[PDB]
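Shown here is one chain on its own, the form deposited in one PDB entry, set out as structure tokens.
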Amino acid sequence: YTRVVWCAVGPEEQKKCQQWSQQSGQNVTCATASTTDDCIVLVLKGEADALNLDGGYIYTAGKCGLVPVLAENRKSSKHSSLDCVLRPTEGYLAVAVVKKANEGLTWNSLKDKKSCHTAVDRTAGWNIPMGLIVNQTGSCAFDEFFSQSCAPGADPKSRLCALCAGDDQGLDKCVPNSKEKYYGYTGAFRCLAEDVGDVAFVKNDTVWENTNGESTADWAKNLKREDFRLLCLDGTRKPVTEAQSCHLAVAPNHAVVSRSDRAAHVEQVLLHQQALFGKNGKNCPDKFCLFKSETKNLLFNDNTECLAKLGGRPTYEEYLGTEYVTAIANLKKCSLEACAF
């Protein structure tokens, strides 16, 4: 059935998509929206087929009837010569990161500091750290906990957007797409590295990928792992090598979602597209790589080894788990079941 329309979020994902579209022979084409929620509406209307989503957005989409199709999978220590496509996903570690030089900042003294978040509604950037903090303060006024924030996706006039920079020209401040300089895993870690915020809520991988030479980006060239600490829930501070034992939670991997009636077809095309543009793919290193965009995580995370079949044919609830779903239900109370569209 066998053409797929991919939904790109913002102009740089559009660029990368049009490139993929060309190389694929128009087997994949591109719709673009300004936000993930908008791409979710395109999918429901049937005007696009699929896009890859963080867990907090798999929640939104799943209430509207969309279904997990294929999950991002990275380099697992355990689970050895099992083919990547069939290997269970591990999850990723959500962490809070601070500068070592900012002595005496711990989980217990976050109040009134400056924070950097991936975007409103994302797992490691928003849902986990704010669900914890609402639980802890027994208060729904998360908008008043940090003194200033960059939380792309909140009111550009509020203090939740005060730290956001916008694009090259200072436009589009606090849009939840990669035009916002501090958007996403990479933008929130940048927000911290340049000392705009005191704390970044990212995942474990982000600190490694942008330190000790792994990046090459001008802001990240000189960043050293030993210059950062993770904040643990018991009040302590650990080197970034201790994430197994100092994280806020383990997150379900980003996954491709589609409308249930398109799922089989979307799944077939993507297995064949990764055969060509994935890690060992026929055409990757030389014509086109799907999982590469210079640390920008465009369409897919740059560390993705493959897209993996699911097994258990899970619903979105089962995919996310009862642990994670009740956390979001509870947090959403502050802002009991319906498609928000």
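Note that the rigid core is defined as the largest set of C-alphas that superpose within 1.5 Å between two forms. In this text, residue numbers run from 1 along the sequence as written.
**Q** Please indicate which stretch deviates more in 9 other deposited structures of this protein: 79-87 or 167-175, judged by C-alpha RMS distance after a core superposition?
**A** Taking the RMS over all superposed structures in 9 other deposited structures of this protein, 79-87 lies farther out.
**Q** Any chance you could tell me whether 70-78 or 228-236 drifts more in 9 other deposited structures of this protein, judged by RMS CA distance from this form after superposing on the core?
**A** When 228-236 and 70-78 are compared in 9 other deposited structures of this protein, 70-78 lies farther out.
**Q** Deposited residues absent from the coordinates between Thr2 and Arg3, none, 1 to 3, 4 to 9, or 10 or more?
**A** Unmodelled stretch: none, continuous chain.
**Q** What stretch has the higher average Cα B-factor here, 193-201 or 213-221?
**A** The stretch with the larger mean CA B-factor is 213-221.
**Q** Comparing 158-166 with 103-111, which stretch shows the greater average C-alpha B-factor in the deposited entry?
**A** In the deposited entry, the stretch with the higher C-alpha B-factor mean is 103-111.
**Q** Looking at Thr206, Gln244, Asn135, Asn253, which has the highest Cα B-factor in the entry?
**A** Of the options given, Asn135 has the highest CA B-factor in the PDB entry.
**Q** What's the residue among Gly187, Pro152, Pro239, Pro88 with the greatest CA temperature factor in the PDB record?
**A** That would be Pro88.
**Q** Is the Cα B-factor recorded for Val257 in the lowest, middle or highest third of its chain?
**A** Bottom third by C-alpha B-factor.
**Q** Where does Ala31 sit by CA temperature factor within its chain: lowest, middle or highest third?
**A** Middle third of the chain for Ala31's C-alpha B-factor.
**Q** Considering every modelled residue of the chain and its Cα B-factor in the PDB entry, is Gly312 in the lowest, middle or highest third?
**A** Within its chain, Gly312 is a highest-third residue by C-alpha B-factor, going by the deposited values.
**Q** How does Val120 rank on Cα B-factor within its chain, lowest, middle or highest third?
**A** CA B-factor rank for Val120: lowest third.
**Q** Split the chain's modelled residues into thirds by Cα B-factor; is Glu180 in the lowest, middle or highest one?
**A** According to the entry, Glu180 has a C-alpha B-factor in the chain's lowest third.
One more form of this protein should be noted, the form solved in complex with a partner chain, which is absent from this view; the next part is about it.
**Q** Just give me the single entry in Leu53, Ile40, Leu70, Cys306 that has a non-hydrogen atom within 4.5 angstroms of its partner chain in the deposited complex.
**A** When its partner chain is considered in the deposited complex, the option within 4.5 Å is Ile40.
**Q** Pick from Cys284, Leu310, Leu44, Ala275: which residue has any heavy atom within 4.5 angstroms of its partner chain in the deposited complex?
**A** Spelling it out, the residue with a heavy atom inside the cut-off is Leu44.
**Q** Any chance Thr60 has a heavy atom within 4.5 Å of its partner chain in the deposited complex?
**A** Because a heavy atom of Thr60 falls inside 4.5 Å of its partner chain in the deposited complex, the answer is yes.
**Q** Taking any heavy atom pair closer than or equal to 4.5 Å as contact, tell me whether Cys289 reaches its partner chain in the deposited complex.
**A** It does not: once its partner chain is placed as it appears in the deposited complex, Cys289 has no heavy atom within 4.5 Å of it.
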